[PDB]
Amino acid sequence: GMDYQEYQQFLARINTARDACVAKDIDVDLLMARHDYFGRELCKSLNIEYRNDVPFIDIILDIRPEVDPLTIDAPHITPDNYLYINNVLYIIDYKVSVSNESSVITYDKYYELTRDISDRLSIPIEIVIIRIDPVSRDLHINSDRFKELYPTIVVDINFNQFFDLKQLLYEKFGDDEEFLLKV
């Protein structure tokens, strides 16, 4: 599952935390660690290099190395990862959620901001949101085209440790009104 160091460090933060604002930072850090764990494991299953928040401009420079980085009109986005295969650019973002809400938002943004550069480079740019539902552990991938390339992806993992750390956090701060409504 998750790294046993990372686990023990979360446990230490929970145990030493006394203030709602510190607790909320742990809550938020748990969610980002969970997303990143999924990303690393997903990339092992797809057999691709693990990346995080890649500047779009670096993606263009990798796929069309003729491009001049000083001038090219690249959108200001940092997707989790990408794959360029058979002259199709797949732009990948990882998500861990019980809902498709965050996926639709990322999708609409990435799709909209990549149209112009797709037309300039004459390269189709496919936006691929790869989401795992943390309760069912099912994978949901919007892109039919990406799924033809990878028709059977198995990411055999679970989120039980994140669940347990979160329950420990709420065990300790569950009657602090500031924590319960902290952004």
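So that there is no doubt, residue numbering starts at 1 and follows the sequence shown.
- With 155-163 and 19-27 compared on mean CA B-factor from the PDB entry, the stretch scoring higher is 155-163.
- Mean CA B-factor, 145-153 versus 55-63: the higher value falls on 145-153.
- Across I92, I105, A74, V96, the greatest Cα temperature factor reported in the deposited entry is at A74.
- Compared with the other modelled residues of the chain, the Cα B-factor recorded for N100 ranks in the middle third.
- In the PDB entry, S118 places in the middle third of its chain by CA B-factor.
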